[PDB]
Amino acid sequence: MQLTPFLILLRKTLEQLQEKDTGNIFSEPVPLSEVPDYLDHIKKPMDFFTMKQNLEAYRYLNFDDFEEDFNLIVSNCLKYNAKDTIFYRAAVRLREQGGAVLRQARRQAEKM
């Protein structure tokens, strides 16, 4: 079970997840300029650019560690933003659409 095809699959999966973020609100770190209190209760910020960095640094050597950081993007957003916000609903939608992306990607990983 070879590392190179696995990372290719994670790269494709990450691209598919970013595609579900049409507003690109999850693709870069939360700009602390705009949200100065963000780290007061968000202990591990996460975003798709950071996930890409982690991927290339060989920090995702199994599917579940990759999926855990995606879930962090989602859970951080639900935690920080009030329920009546666009952002909160965006995280709900990303959880749904990304969940389907991840299920299919995990299936394909098991074929390897």
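Residue positions are given as counts along the sequence shown, with the first one as 1. The term rigid core refers to the most C-alpha atoms you can superpose between the two forms while keeping them within 1.5 Å.
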Original post:
Between 71-79 and 33-41, which one strays more from this form in 8 other deposited structures of this protein if you match the rigid core and compare Cα atoms?
Top reply: 33-41
Original post:
What stretch shows more C-alpha movement in 8 other deposited structures of this protein relative to this form, 2-10 or 102-110, after the core is superposed?
Top reply: 2-10
Subject >> Stretch with the higher entry mean CA B-factor, where the candidates are 76-84 and 27-35 >> reply: 27-35
Subject >> Of 90-98 and 17-25, the one with larger mean CA B-factor >> reply: 17-25
**OP:** Taking the chain's C-alpha temperature factors as the reference, tell me which third residue 56 falls into: lowest, middle or highest.
**Re:** highest
**OP:** Report the third (lowest, middle or highest) to which the CA temperature factor of residue 40 belongs, ranking only the modelled residues of the same chain.
**Re:** highest
Original post:
Of the three thirds of its chain by CA temperature factor, lowest, middle or highest, which one includes residue 111?
Top reply: highest
Original post:
If you rank every modelled residue in this chain by C-alpha B factor, which third holds residue 7: lowest, middle or highest?
Top reply: middle
